[PDB]
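Chemist: Chains as they are written, first to last, in full-length UniProt numbering: chain B, 2 to 34, 38 to 110, 112 to 225; chain Z, 3 to 226; chain D, 2 to 34, 38 to 110, 112 to 225; chain U, 3 to 226. Could you have a look at this structure, given as structure tokens, before my questions?
If you want it as structure tokens, here you go:
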């Protein structure tokens with residue numbers, strides 16, 4: 002073990018603080034006040053949280069704030085195993101901590118901030134979460150490709166808009182998890198892990214393939 | 003030609019990107035299916051635009067991220083690609099669109115009106131061709147002007163500009179024709195659902211709009 | 002007179018083609034299908053039309069597409085009087101031409118694409134249009150200030166978002182004109198010039214002050 | 003100090019920009035006044051964010067475009083401005099907010115609930131302070147991190163990032179507290195309407211959130 006490296010602890014700490022802010026703001030927007041109409045607001049808040057916290061903390065920790073993105077970075081050999089494990093631990097702790105506050109301020114059980122299923126089987130929910138996270142991790146890896154000089158725009162904005170796209174595509178079927186750490190928090194605070202594995206198998210593989218297709222196939 | 007990896011990886015990027023683009027856009031098309039109220043209008047516009055704004059930022063360095071036979075034809079008219087590259091691009095776009103449509107219609111049901119099929123809502127085909135043509139003209143004109151390698155004033159996110167152009171074409175054409183501006187996007191669901199009613203409108207419109215945007219930008223607006 | 006200069010005719014022509022596309026797409030979005041809910045859609049379409057046509061034609065004509073912006077540029081001495089007059093003529097012709105098509109494809114008289122008044126006197130409507138165009142022309146002039154090197158973002162996107170902001174602020178009071186050429190088209194095709202001067206005095210002065218406050222006061 | 007034009011033009015830019023910011027945001031607050039449905043929620047978020055995303059792009063080269071006493075205090079905690087500049091900034095922001103509020107409430111009526119006044123909707127003041135504090139913490143942290151002159155990875159539109167941060171703070175706090183994250187924005191209407199109920203929440207929240215964001219970014223996250 003023996004991590005050390007003072008800047009590495011700040012990377013893990015930036016992931017923790019950013020995950021707390023990310024989950025607090027996104028769940029506070031979801032639980033704000038039917039749901040089909042509210043979907044647009046929820047998508048915008050979840051995208052802008054990434055588009056802001058990445059622009060604020062990417063130079064300090066890469067601003068993953070997503071275990072699927074962290075696994076996509078680990079599959080691309082851009083971080084170490086120890087750094088990825090500590091990243092996921094910090095993201096899960098920040099997500100549970102912020103989830104406790106947002107579910108403390110709280112419509113009975115409506116709670117749109119809990120990844121459930123709405124019209125799809127778990128076998129289909131895994132595919133929906135997998136493609137909705139594949140596009141996200143592919144965007145994160147391609148936009149952070151150090152071999153490119155054409156990215157003259159806001160990369161955190163591109164990643165946040167990718168999250169918002171995954172929401173626009175997956176919030177009506179599975180609530181759009183695309184973030185195992187964001188699906189654990191509410192499931193831990195409410196103590197409801199029904200169909201929770203769908204929001205872990207789906208995103209993670211979607212991230213891993215996003216690395217493998219990008220590196221070992223698309224852009225060698 | 004038919005070997006150099008830079009061409010085949012471009013075709014493969016077109017296939018993967020078109021599959022992701024159509025899957026993500028069609029997943030927004032169904033979902034809450036019912037009601038065509040302005041909030042659904044805006045949401046569908048946003049999803050269809052952000053799919054480009056993400057997949058272009060992810061695959062443009064590999065294939066230009068056309069994901070649109072009208073954009074591919076506009077690039078062919080601008081002499082930026084070859085005919086063989088355009089043919090393989092259009093085939094890849096149609097295949098990716100049909101495949102993603104098959105998956106989305108596997109998760110969704112039959113689809114009475116579905117809305118994920120570009121149809122007509124209050125306009126004749128003579129008017130629908132004009133609406134689709136101008137809505138694709140602005141898109142291909144934007145793509146060619148923003149990717150003009152003779153410009154140094156483009157200091158913003160070009161995939162974001164193209165995605166916002168798609169979103170604008172939706173905001174302007176989704177209530178009349180559903181906004182196709184992509185023959186492959188209008189082909190996928192029409193192939194899986196086996197419904198090609200007024201399908202020629204969404205090929206004549208986009209293709210001619212892209213070729214005209216190319217000629218007006220190059221042969222008129224920005225010469226050479 | 003004798004304009005000449007081949008590139009100047011292309012500047013006027015780019016203004017004409019861009020104005021036709023701008024008015025067609027924006028009015029087609031407004032007349033698409038109550039109104040308070042539709043406001044968001046109308047604002048987005050009107051902002052994205054600028055954010056796209058500027059990114060497509062600014063290197064060819066500056067992409068004014070707005071007589072208030074053209075007057076703000078003329079007050080800043082960035083264009084000539086002949087070029088500004090020809091610009092306004094091209095914008096008015098393109099607006100009337102596109103307005104004829106959009107009002108040809110057309112709810113009785115609802116027509117949100119016609120600048121009317123909804124809860125404000127003309128004396129107040131002039132102030133609303135003036136500030137809503139002041140912010141726009143100020144943004145256009147400041148973002149196109151050739152003495153700045155900090156503008157590392159999409160300037161057409163900033164201008165389009167300024168238009169969208171003017172819509173979010175003025176569409177419920179006056180319908181948000183902030184464009185004398187965009188207020189003339191529908192008023193000419195429908196032959197209804199009631200309170201039309203409000204949508205000319207308001208924006209123009211709002212643009213002129215935007216120049217004077219920026220140059221002769223804020224940034225000399 | 004109290005002479006050099008670069009300081010006074012900055013204060014004047016703060017005044018003009020705050021007047022435009024509050025006028026444009028409050029014009030969105032009234033308008034259709036009634037109903038607090040998610041579409042009004044999103045629309046108010048967009049107007050309040052785009053006002054920053056435009057006025058910052060217009061006046062940041064002249065004054066940094068704080069337009070927020072919490073952002074000004076966060077910059078003072080980051081030692082990027084002096085105390086005199088911060089005092090003149092806060093005075094200019096309060097004056098511009100009150101003036102624009104007077105104009106907007108001249109075009110609008112009395113305002114039963116108005117919504118253009120940051121109040122409480124389902125949370126205690128102890129919870130409202132936390133919501134306003136985190137919603138301003140993210141904003142000031144973003145402003146300081148994106149304007150860190152030691153970074154070269156900020157290749158996007160910084161005023162757009164700050165405006166989207168304001169829009170996010172609205173999407174997260176407008177249903178609980180109306181989203182203040184700007185003491186001057188919460189002061190203007192409260193001064194013109196003469197209603198300072200729970201006004202201290204929208205000063206303790208934003209100010210402390212900005213100072214904490216400055217200390218956490220500088221003294222912890224990004225040293226030196």
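Heads up, the beta-carbon is just placed ideally off N, CA and C, and yes, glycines get one too.
#1: Rounded to the nearest angstrom, what separates residue 176(Z) and residue 41(B) at their Cα positions?
#2: Would you grab the beta carbon distance between residue 87(B) and residue 23(B) for me? Rounded to a whole angstrom, and I think it's under 8 Å.
#3: Please say whether residue 157(U) and residue 168(B) have beta carbons closer to each other than 8 Å?
#4: DSSP three-state call for residue 138(Z): helix, strand or coil?
#5: Extract the residue ranges of the beta strand (DSSP E) inside the region 167–205 of chain Z, only unbroken runs of 3 or more that lie entirely within it.
#6: Just mark residue 34(U) as buried or exposed, buried being the case when its beta carbon has 16 or more other beta carbons within 10 Å.
#7: Please state the DSSP three-state secondary structure of residue 119(Z).
#8: Between which two residues does the alpha helix (DSSP H) holding residue 23(Z) run?
#9: Report all residues from its chain with a CB closer than 6 Å to the CB of residue 70(U); omit the five preceding and five following residues, and keep chain order.
#10: Quick test of the definition: if touching needs 3 or more C-beta pairs under 8 Å, does the region 202–209 of chain Z touch the region 130–144 of chain Z?
#11: Compute the Euclidean distance between the alpha carbons of residue 43(B) and residue 118(B), then round it to the nearest angstrom.
#12: Output yes or no for whether 8 Å exceeds the beta carbon distance between residue 51(D) and residue 165(D).
#13: In the region 124–135 of chain D, which residues sit with their C-beta less than 8 Å from some C-beta in chain U, listed in chain order?
#14: How many Å lie between residue 128(Z) and residue 189(Z) at the Cα?
#15: Starting from residue 48(D), trace the alpha helix (DSSP H) in both directions and tell me its first and last residue.
#16: Are the C-beta of residue 38(Z) and some C-beta of chain B separated by less than 8 Å?
#17: Leaving out five residues on either side along the sequence, give the residues of the same chain with a beta carbon under 6 Å from the beta carbon of residue 211(B).
#18: By the three-class DSSP mapping on this structure, what secondary structure does residue 151(B) have?
#19: Who are the neighbours of residue 157(D) on chain U, taking C-beta pairs under 8 Å?
#20: In this structure, does DSSP put residue 88(Z) in helix, strand or coil?
#21: Is it buried or exposed, residue 29(D), if we count other Cβ atoms within 10 angstroms and call 16 or more buried?
#22: Residue 109(U) CB to nearest chain D CB: under 8 Å?
#23: Indicate the three-state DSSP secondary structure (helix, strand or coil) for residue 74(B) in the structure shown.
#24: Is the beta carbon of residue 57(B) sitting closer than 8 Å to the one on residue 72(B)?
#25: Which chain Z residues sit within Cβ distance under 9 Å of residue 144(B)?
#26: What do you get for residue 85(Z), buried or exposed, if any count of 16 or more other CB atoms within 10 angstroms of its CB means buried?
#27: List, in chain order, every chain B residue whose beta-carbon is nearer than 7 Å to that of residue 187(U).
#28: Just the Cα atoms here: how many angstroms apart are residue 79(U) and residue 80(D)?
#29: So residue 90(D) and residue 148(D) are in contact, right, with Cβ under 8 Å, and what is the actual spacing, rounded?
#30: Can you tell which of 92(D), 116(D), 179(D) has the C-alpha that lies nearest to the C-alpha of residue 131(D)?
#31: In chain order, what residues of the same chain have a beta carbon less than 7 Å from the beta carbon of residue 99(Z), not counting five sequence neighbours either side?
#32: So what's residue 108(B) in DSSP terms, helix, strand or just coil?
#33: Note down the Cα distance separating residue 111(B) from residue 150(U), rounded to an integer number of angstroms.
#34: Determine which residues of the region 23–49 of chain U have a Cβ less than 7 Å from any Cβ of chain D, and write them out in chain order.
#35: Quick check on this structure: which residue in 95(D), 55(D), 45(D) has the alpha carbon closest to the alpha carbon of residue 16(D)?
#36: Taking the alpha-carbon positions, what's the residue 153(Z) to residue 161(D) distance?
Modeler: Taking the coordinates as given:
#1: A direct Cα-Cα distance of roughly 18 Å separates residue 176(Z) from residue 41(B).
#2: Wrong, their Cβ atoms sit about 19 Å apart, outside the cutoff.
#3: Against a cut-off of 8 Å, the Cβ pair of residue 157(U) and residue 168(B) comes out as no contact.
#4: Assignment of residue 138(Z) by DSSP, reduced to helix, strand and coil, places it in the helix class.
#5: Counting whole runs of 3 or more residues, the region 167–205 of chain Z contains no beta strand (DSSP E) stretch at all.
#6: Buried, by the Cβ-count rule.
#7: Assignment of residue 119(Z) by DSSP, reduced to helix, strand and coil, places it in the coil class.
#8: Counted as a single uninterrupted DSSP element, the alpha helix (DSSP H) harbouring residue 23(Z) occupies residues 7–31.
#9: Contacts found: 184.
#10: Yes, the region 202–209 of chain Z is in contact with the region 130–144 of chain Z.
#11: Cα-Cα distance, rounded: 11 Å.
#12: Yes, they are a contact pair.
#13: Here the close residues are 125, 129, 132, 133.
#14: Each residue's alpha carbon lies about 20 Å from the other.
#15: Run containing residue 48(D): 39–65, per the alpha helix (DSSP H) assignment.
#16: Interface criterion not met: the Cβ of residue 38(Z) is under 8 Å from no Cβ in chain B.
#17: 135, 138, 139, listed in sequence order.
#18: In the structure shown, residue 151(B) sits in coil (DSSP, three-state: anything other than H, G, I, E or B).
#19: Under the 8 Å cutoff, chain U gives 156, 157, 158, 159, 160.
#20: Helix at residue 88(Z).
#21: With 16 or more other Cβ atoms within 10 Å, it is buried.
#22: Taking Cβ atoms only, chain D reaches closer than 8 Å to residue 109(U), which makes this a yes.
#23: Helix, per DSSP.
#24: No, the Cβ-Cβ distance between residue 57(B) and residue 72(B) is not below 8 Å.
#25: Around residue 144(B), the beta-carbon contacts reaching into chain Z at under 9 Å are 56, 57, 59, 60.
#26: The residue in question, residue 85(Z), is exposed, as its Cβ has fewer than 16 Cβ neighbours within 10 Å.
#27: The premise fails here: residue 187(U) is roughly 19 Å from chain B at the closest Cβ pair, so nothing lies under 7 Å.
#28: Between the alpha carbons of residue 79(U) and residue 80(D) lies a gap of roughly 38 Å.
#29: Residue 90(D) to residue 148(D), Cβ: 24 Å. No contact.
#30: Closest in alpha carbon position to residue 131(D), among 92(D), 116(D), 179(D), is 179(D).
#31: Closer than 7 Å at Cβ, skipping near neighbours: 20, 24, 186, 187, 189, 190.
#32: In this structure, residue 108(B) counts as helix in the three-state DSSP scheme.
#33: A gap in chain B, from 110 straight to 112, means residue 111(B) has no coordinates in the model shown.
#34: Listed by position along the chain: 25, 26, 29, 30, 33, 34, 41, 44, 45, 48, 49.
#35: The shortest C-alpha separation from residue 16(D) is found at 95(D).
#36: Answer to the nearest angstrom: the Cα atoms are 14 Å apart.
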